Amino acid sequence: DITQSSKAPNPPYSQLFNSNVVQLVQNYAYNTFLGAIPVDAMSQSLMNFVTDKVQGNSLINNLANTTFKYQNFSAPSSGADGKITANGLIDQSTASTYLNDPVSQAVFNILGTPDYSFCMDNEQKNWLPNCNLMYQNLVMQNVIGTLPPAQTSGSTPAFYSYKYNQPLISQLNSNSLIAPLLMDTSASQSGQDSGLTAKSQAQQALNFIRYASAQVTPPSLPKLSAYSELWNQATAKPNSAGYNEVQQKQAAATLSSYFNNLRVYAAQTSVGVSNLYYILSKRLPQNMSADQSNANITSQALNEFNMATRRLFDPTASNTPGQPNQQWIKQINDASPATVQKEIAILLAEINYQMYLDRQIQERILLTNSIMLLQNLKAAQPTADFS
Amino acid sequence: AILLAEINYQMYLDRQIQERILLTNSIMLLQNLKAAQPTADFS
Amino acid sequence: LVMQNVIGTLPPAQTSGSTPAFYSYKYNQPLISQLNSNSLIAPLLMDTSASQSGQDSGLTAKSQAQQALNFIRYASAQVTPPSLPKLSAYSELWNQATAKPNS
Amino acid sequence: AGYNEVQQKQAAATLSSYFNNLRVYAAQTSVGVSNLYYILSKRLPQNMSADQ
Amino acid sequence: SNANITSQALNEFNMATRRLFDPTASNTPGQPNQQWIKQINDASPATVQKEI
């Protein structure tokens, strides 16, 4: 309506509504995307996203494994703070401290959880009085805790009673992993102190991942007697010290067979375990501000949701006319064509980034399906003999 | 502009469904591998 | 032969002095990075510079790209090749099959 | 009280084995059950107005 | 002698997140090649249309 300047926008507006907040959101989104994605954590040079030739290499590489670095996953927390940490009950130690990546922790659990026979004598009859290394039965009992009784009693509940399963139901529930957008690592509760138990929401999700990935039942490594016999058979120099060659080679083949099957199983399981930990770590808190007394805590999923829905509805935004920072739709309703055009440009950039994330998930799906199909085909190997 | 915001939100929903797909596939692959634990029997 | 070359020298049963046990962290320290799935899909540009040297016992990786490639080799069951027919049985069957009949 | 440690540890291992298998099965099944209930709850009625 | 090493995934990431944040972009006002959002904040309608 071009008749008077009174109803014209005074002062005119040509810029975006607020470039500061949106730019902050984009920067946090970049930081979350580079931090949340799990990174193989064994050496500084192994976690690098890019080499030294990429411009901005230091910033990109520094954001590797941020979620667990902030969570102090390597440090064996006692659970009083309820942080995401390697629990000593089910994670193998590094001395006959813990590994910096949960997926490499799972791989190490699969590879080096020794059999219970290593805590028993040579003939497998008695138990040694002192045995400080965790065997499969030991870690598995540590998961279970004190064995619940059969019939319910006043002192202790039955294995099927609701009182006994009060924390277990939450621990094994799948929604503990995918429902929340930002895990709460504060220990606001304390479950029953009988073996493996979670102390907070994030610990509940981590325990659910532990249960669903079958990390509470490690594979059975070879017995002490049998492995010792096979190794002495297969390592001694042939035709010397009372040994031969054909039998030694057969023993070596058998031992390498077990080891290669174990390694293949470890890698194939690690694919899914890293998948689960990618799902979880999308929702773990991450530090952004250089200030360590008043930081900025947000996660990939929380920031991602805020990015998706900072224009449909925003609880922070004012809901009464006359106040600033109204809803995005209301601001659009009274905005200049240049401003809404720039908003459209920003929205298209958002769409592009979201499509990139969706394709990353699709790539994850492809890896999962290919690994499982290859496992099926390995189980379906052709037979050579003709009978 | 509002249509583009809608498109962004729908893509977010599609992403969430894809993540659910990924969780399902990963859990089922873990079950398949747990059914195929490498045995230590040497005899 | 290939499968031994993968396994290198067979680790001992229970010791962590001169040589590490098959379940000790010292023995597994280079293996876990190879077997970890994140060694393939986490980085965006592999490093092809030998910044480390694993234990010289069979198949080992010298850099991040080697770690990812070895992970693919392990997860694709290329370290346990299929069993081809025995020499004697295959020779007998081929002799029985390629010979012109009635002669 | 008429017990040893080898048999006790073996029995404890067996009981913990059953319990761990049951917990793993429950946790793995909960993924699919929660997915089904997500599909259902996508279509379930929810009130919106602050008043009732 | 003028090699420029890049990968499909790295370039894909750079394409996806060049306009969100850029570590090579100046973060101080008054400097060239600054962040994409700030450049949009001052661009002409034709320029933002071409960027769209």
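Read the figures in this text as sums done on the coordinates, not as results from a lab. When we count neighbours, we look across all protein chains shown, and the Cβ atoms used for this are built from the backbone with ideal geometry, even at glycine.
Filter the stretch C:19-58 for residues that are more than 8 Å from chain A (Cβ to nearest Cβ) and in contact with a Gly (Cβ under 7 Å, 6 or more places away or on another chain) and give the result.
C:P30, C:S57, C:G58, listed by residue number.
I'd like the full set of residues that are within 17 Å of D:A13 (Cβ to Cβ) and within 9 Å of chain B (Cβ to nearest Cβ), limited to the stretch A:215-230.
Those that are within 17 Å of D:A13 (Cβ to Cβ) and within 9 Å of chain B (Cβ to nearest Cβ): A:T217, A:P219, A:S220, A:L221, A:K223.
Quickly run through the stretch B:1-18 and pick out the residues that are within 30 Å of A:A338 (Cβ to Cβ) and more than 7 Å from chain A (Cβ to nearest Cβ). So that I can check it myself, show each step before the final result.
Just the residues of the stretch B:1-18 that are within 30 Å of A:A338 (Cβ to Cβ), to begin with: B:1-12.
Of everything in the stretch B:1-18, those that are within 30 Å of A:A338 (Cβ to Cβ) and more than 7 Å from chain A (Cβ to nearest Cβ) turn out to be B:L3, B:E6, B:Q10.
Test each condition in (1) more than 9 Å from every other protein chain (Cβ to nearest Cβ); (2) surrounded by fewer than 23 Cβ atoms within 10 Å (Cβ to Cβ) for A:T235 and report the one that comes out false.
In the conditions (1) more than 9 Å from every other protein chain (Cβ to nearest Cβ); (2) surrounded by fewer than 23 Cβ atoms within 10 Å (Cβ to Cβ), A:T235 misses (1) alone.
Going through the stretch A:1-54 one residue at a time, which ones are within 30 Å of A:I332 (Cα to Cα), surrounded by fewer than 18 Cβ atoms within 10 Å (Cβ to Cβ) and among the small types (G, A, S)?
Across the stretch A:1-54, the qualifying residues are A:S5, A:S6, A:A8, A:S14, A:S19.
Taking the stated definitions as given, is A:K342 surrounded by fewer than 19 Cβ atoms within 10 Å (Cβ to Cβ) and in a helix (DSSP H, G or I)?
no
Just to check your reading of the model, which residue among A:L147, A:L172, A:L128, A:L111 is within 7 Å of another protein chain (Cβ to nearest Cβ) and over 28 Å from the mean Cα position of the chain (by Cα)? Break it down stepwise before answering.
Working: A:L172 fails: over 28 Å from the mean Cα position of the chain (by Cα); A:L128 fails: within 7 Å of another protein chain (Cβ to nearest Cβ); A:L111 fails: over 28 Å from the mean Cα position of the chain (by Cα).
Result: A:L147 is the single residue among A:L147, A:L172, A:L128, A:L111 that is within 7 Å of another protein chain (Cβ to nearest Cβ) and over 28 Å from the mean Cα position of the chain (by Cα).
I need every pair where a residue in the stretch A:364-387 that is facing chain C (nearest Cβ under 10 Å) has its Cβ under 7 Å from the Cβ of a residue that is in a loop (DSSP other than H, G, I, E, B) and surrounded by fewer than 10 Cβ atoms within 10 Å (Cβ to Cβ), sequence separation at least 6 or different chains.
A:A384/C:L84
Would it be correct to say that A:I209 is in a helix (DSSP H, G or I) and either within 11 Å of chain B (Cβ to nearest Cβ) or of a type in the set (F, W, Y) (or both)?
Answer is yes for this residue.
Yes/no per residue for (1) in contact with a helix residue (DSSP H, G or I) (Cβ under 7 Å, 6 or more places away or on another chain); (2) farther than 22 Å from A:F73 by Cα:
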site: A:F208; (1), (2): yes, no
site: A:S220; (1), (2): yes, yes
site: A:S228; (1), (2): no, yes
site: A:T254; (1), (2): yes, yes
site: A:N260; (1), (2): yes, yes
site: A:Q268; (1), (2): yes, yes
site: A:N275; (1), (2): yes, no
site: A:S281; (1), (2): yes, no
site: A:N296; (1), (2): no, no
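Out of A:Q204, A:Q189, A:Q215, which single residue is in a helix (DSSP H, G or I) and either buried (at least 21 other Cβ atoms within 10 Å of the Cβ) or of a type in the set (S, T, N, Q) (or both)?
A:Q204
What is the number of the single condition among (1) assigned to a loop (DSSP other than H, G, I, E, B); (2) within 10 Å of another protein chain (Cβ to nearest Cβ); (3) of a type in the set (A, V, I, L, M, F, W, C) that A:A106 does not meet?
Every condition holds for A:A106 apart from (1).
Out of all the residues in the stretch A:235-252, which are in a helix (DSSP H, G or I) and in contact with a helix residue (DSSP H, G or I) (Cβ under 9 Å, 6 or more places away or on another chain)? Walk me through how you get there before you give the answer.
Filtering the stretch A:235-252 down to residues in a helix (DSSP H, G or I) leaves A:235, A:246-252.
Listed by number, the residues that qualify are A:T235, A:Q247, A:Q248, A:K249, A:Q250, A:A251, A:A252.
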